[PDB]
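Heads up, what comes next is one protein chain in two forms, each shown on its own as structure tokens, labelled structure 1 and structure 2.
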Structure 1
């Protein structure tokens, strides 16, 4: 909200003093971003466009400088008032930087240049380092998009093995439940949008708002009516069956999908005791698909048990791949879901002869919150600075060979393989490779911009 609308204070304190630490005669700087490794060997790049639209949404003003000067002096940090006033008076408050990035949605192996940031003004050379804090938080949507993309490859493998329509089923198989389990509204919106790079299903309404505001997508994803277990219990134990019947009355129509939550024990009770007969009849009669969500028991075992019991209650058809597809009902597991338990569910139910069509997964905190900057070892590093007119390589260690100088990313035309390279190598390899970065932002203006459908196309084409 309004209280955070000062770019000059959107940084680590010690970076305010940073411009005093450069050698004399410095007049340019050059930084890049990469994943240095971590959980996965490749990352889906996403979220920079939102960060730039939201964190740099207007020119810097003299009022911003007044406010920052007062706060930083009371807080304990030096502040380059004169440098920022020059940016406001001479450059219209527009940040003198150029940002290039790989198109959002592309999946890039680790240890590769994902973005670069370069100063465009000799006197205000220090601006890139000032933005390190807000830019480096691109680790978050990158890492969430990556986790969701890795899960998609797992689900896709099993649908390719067991489903007659793998790519028609896939977009609905991982549903975001994480809005209550993430650390803030802004994180829900941006993290939720990172999941929508890969899937259509979300309960995180905030992600629809961000996709609509920042990625030109009015309705980025979908959901269905679903029961809350507490409101079921509030009918009392004697009318428990009537609460589920009300769910059908309100929402079960032909072509409609509605989700019901129940503990595992009560699902077994309804499939044995004869009060479930009325329930089975109205389910069949409605023409809807009813998704059952078990919310107790071992996350893996209970799915297989639901499939076996629902099979006994509703029957199945055998599809073209030889796998069973339940009639009328499906299962979603929203508990204990992370990439490892999800795979374990898929291995277990397909070994039992059930199509992956039968099952979907809800992920909450494990999707939006249980990630950190170390997950994909995200880093923003200075690789070159210009002193007295000469560019000099900057680096910590010489060998992982270490990236230095003014860098870019290349894509091999024949193989599609990515590699990092000096800007001077784009000319010499013009026949076999193309520069894979694009200029997304320069001197206060966003240049290349994506819709979410464009991002989704890049990510969907990538495979393991």
Structure 2
């Protein structure tokens, strides 16, 4: 990625000449980030720590300026060469900004300050605006973390009603399969880590690498061996049961979990005859759990059909809450899953008397790629500048922060002046996470996961 290792070019073109647009005598600038609404009423704030670590990873250099000046000139943009040289020569190439943010993992209602960015040097007051492009991409990890968090609340509800161990089951019920469906490796890593705020199951190895490098977590998630259509069908139709038996031979051990896509030829026959008759005793003797995966048919209907046929072959127990738990086998549905279809499946199977323990869900592109900056109407806005020594407002206005009520937990946005006058009942909910080149507050993924305490 060394070709992209120049912070001065990690911006929109027109920002190269933007400093010339401020009023004469401008001395400082203040910006905030918020969700202005969208699909969900609240957002799980995540990813700013990774953005800052990766995008601002070294001092700016004179060679950075040389390359940027030449490229921008031929590209058609003026460039503040003298201003950047001053940052290199006088400020050590460190950016004079202060960033404050709500602790990552907190879930905050929309229309609220989530981050603020302020200039810390009078001559280089324009730096916050230069960083708008790379900082506003925080919309992506926030939105993925929010989608994942919203799904977690849905599953938790049905597990509460129908399972004897809701919180033991819950972290494995949404599995991220989206690395092939997202637009970049870097997006897979950050989007996948955003899912891991809420769940433990992932096939996005890049998310483990980002969690290890940026969130102090050596092993942030887990997965299982799983068959693909192409390995099954390479055996030939006549050897479908041998392909399945090989999955057991390689991977079925006591306590192990193994997923097998079972619709290469006919999933009803696969369950009734191959798994449920020919291989049944081998599965029982393995001590393993076999997870059946449909990959065709109506997503809701086929999950219920699978549970019924698996029940007929393997039996069930009834749990403390009166719901059936299949013996030795589970179902995972990755096809056609969104929060609406996921809730529909859970509604269908619990109404048929099956515990939500029996099923798990996969999302791929619907989680990592079918999100955009408008999903939660993300915005980064200038709220105040200092001109001739006086702070001037630029409907949210002035130097702002986020407050949290100590008794109710409710959030609201406020002027910084009111942290003192409202020291009763409310605390400042933002913390300073980055200032003048120094990251000042780091979270572990464990801490982020603890914050994501939020229910609704």
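Residue numbers count along the first chain shown, from 1. We call the rigid core the largest set of C-alpha positions that still match within 1.5 Å between the two forms.
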Worksheet item: Pick from 276, 336, 103, 93: whose Cα moves by 2 Å or more between structures 1 and 2, rigid core superposed?
Response: 276
Discussion item. Superposing on the rigid core, is the Cα displacement of residue 157 between structures 1 and 2 2 Å or more?
Written reply: no
Worksheet item: Relative to the superposed rigid core, does the CA atom of residue 133 travel 2 Å or more between structures 1 and 2?
Response: no
Worksheet item: With both forms fit on the core, has residue 289 moved 2 Å or more by CA between structures 1 and 2?
Response: no
Practice prompt. State the core-superposed CA shift for residue 265 between structures 1 and 2, in Å to one decimal.
Written response: 6.4
Worksheet item: Cα of residue 451: shift between structures 1 and 2 in Å, core-fitted?
Response: 0.2
Worksheet item: residue 230: how big is its Cα shift between structures 1 and 2, in Å, with the core superposed?
Response: 1.1
